[PDB]
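Colleague:
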Amino acid sequence: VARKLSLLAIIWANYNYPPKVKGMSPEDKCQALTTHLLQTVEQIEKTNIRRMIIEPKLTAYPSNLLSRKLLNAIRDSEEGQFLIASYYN
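Oh and the sequence shown: position 30 is 574 in my numbering, straight run, nothing missing.
(1) For residue 565, which three-state DSSP category applies?
(2) Assign residue 583 to buried or exposed, taking buried as 16 or more other Cβ atoms, counted over all protein chains shown, within 10 Å of its Cβ.
(3) In the DSSP assignment, the alpha helix (DSSP H) including residue 679 goes from what residue to what residue?
(4) Report yes or no: do the region 575-590 and the region 601-609 share at least 3 C-beta pairs separated by less than 8 Å?
(5) Go to residue 548, then tell me how far its alpha helix (DSSP H) extends in each direction, as first and last residue.
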(Lines of atoms letter the chains of each structure in order from A and count residues from 1; the text may use other names and numbers.)
(Lines give C-alpha, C1' and ligand atoms only; values in the text may rest on other atoms or scores of the structure.)
Protein backbone atom coordinates (compact mmCIF):
# COMPACT_ATOMS: atom_id res chain seq x y z
CA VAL A 1 0.00 0.00 0.00
CA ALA A 2 2.99 2.31 0.51
CA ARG A 3 4.10 1.56 -3.06
CA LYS A 4 0.64 2.46 -4.34
CA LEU A 5 0.58 5.64 -2.24
CA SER A 6 4.02 6.68 -3.51
CA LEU A 7 2.82 6.07 -7.08
CA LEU A 8 -0.18 8.31 -6.41
CA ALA A 9 2.06 11.02 -4.94
CA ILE A 10 4.34 10.75 -7.98
CA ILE A 11 1.39 11.28 -10.33
CA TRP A 12 0.57 14.63 -8.69
CA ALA A 13 4.14 15.70 -7.89
CA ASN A 14 3.73 18.75 -10.14
CA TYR A 15 1.04 20.34 -7.97
CA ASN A 16 2.85 19.74 -4.67
CA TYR A 17 6.34 18.55 -3.77
CA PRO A 18 6.23 15.01 -2.33
CA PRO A 19 7.99 14.52 1.02
CA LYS A 20 11.04 12.33 1.47
CA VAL A 21 10.51 8.65 2.29
CA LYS A 22 14.15 7.56 2.12
CA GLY A 23 15.45 5.62 5.11
CA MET A 24 11.98 5.25 6.60
CA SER A 25 9.93 2.37 7.99
CA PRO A 26 7.07 0.72 6.05
CA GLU A 27 4.70 1.95 8.78
CA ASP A 28 5.67 5.62 8.38
CA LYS A 29 3.94 5.75 4.99
CA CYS A 30 1.33 7.66 7.00
CA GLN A 31 3.15 10.89 6.08
CA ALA A 32 2.50 10.14 2.39
CA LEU A 33 -1.05 9.15 3.35
CA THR A 34 -1.52 12.55 5.00
CA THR A 35 -0.04 14.60 2.16
CA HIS A 36 -2.21 13.02 -0.48
CA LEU A 37 -5.27 14.65 1.09
CA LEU A 38 -3.37 17.95 0.77
CA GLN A 39 -2.62 17.18 -2.89
CA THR A 40 -6.28 16.24 -3.44
CA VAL A 41 -7.26 19.86 -2.73
CA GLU A 42 -5.49 21.08 -5.88
CA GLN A 43 -9.94 18.43 -8.97
CA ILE A 44 -13.53 17.25 -9.46
CA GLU A 45 -15.49 14.35 -7.92
CA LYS A 46 -12.76 13.96 -5.25
CA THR A 47 -14.73 11.25 -3.41
CA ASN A 48 -13.26 8.47 -5.57
CA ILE A 49 -9.79 10.05 -5.36
CA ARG A 50 -9.84 10.15 -1.56
CA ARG A 51 -11.43 6.70 -1.21
CA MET A 52 -8.47 5.02 -2.92
CA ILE A 53 -6.20 6.80 -0.41
CA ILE A 54 -7.85 6.42 3.00
CA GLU A 55 -9.47 3.06 2.16
CA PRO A 56 -7.18 1.36 -0.33
CA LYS A 57 -8.66 -1.68 -2.06
CA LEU A 58 -6.67 -4.68 -0.90
CA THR A 59 -7.38 -8.46 -1.10
CA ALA A 60 -5.03 -10.80 0.76
CA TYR A 61 -4.83 -14.41 -0.44
CA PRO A 62 -3.38 -17.09 1.88
CA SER A 63 -2.54 -19.39 -1.03
CA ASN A 64 0.13 -18.67 -3.64
CA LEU A 65 0.04 -18.16 -7.39
CA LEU A 66 -4.54 -20.21 -6.92
CA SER A 67 -4.47 -19.22 -10.58
CA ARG A 68 -4.84 -22.88 -11.56
CA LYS A 69 -8.09 -23.19 -9.59
CA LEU A 70 -9.51 -20.12 -11.34
CA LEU A 71 -8.44 -21.43 -14.75
CA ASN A 72 -10.03 -24.83 -14.09
CA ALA A 73 -13.25 -23.19 -12.88
CA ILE A 74 -13.40 -21.03 -16.01
CA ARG A 75 -12.71 -23.89 -18.42
CA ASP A 76 -15.12 -26.35 -16.79
CA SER A 77 -18.00 -23.83 -16.57
CA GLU A 78 -20.18 -23.67 -19.70
CA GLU A 79 -21.25 -20.06 -19.09
CA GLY A 80 -17.59 -19.14 -18.58
CA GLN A 81 -16.73 -20.23 -22.11
CA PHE A 82 -19.92 -18.59 -23.38
CA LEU A 83 -18.96 -15.31 -21.70
CA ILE A 84 -15.41 -15.43 -23.07
CA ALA A 85 -16.71 -16.07 -26.59
CA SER A 86 -19.25 -13.25 -26.23
CA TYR A 87 -16.51 -10.87 -25.08
CA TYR A 88 -14.24 -11.80 -27.98
CA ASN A 89 -17.00 -11.81 -30.62
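Think of the CB as a built atom: it goes at the ideal place given N, C-alpha and C, for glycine as much as any other residue.
Modeller: Well, looking at it:
(1) coil
(2) buried
(3) The requested residue 679 is not part of the displayed model; the chain covers only 545 to 633.
(4) Counting Cβ pairs under 8 Å, fewer than three are found: no touch.
(5) 546-555
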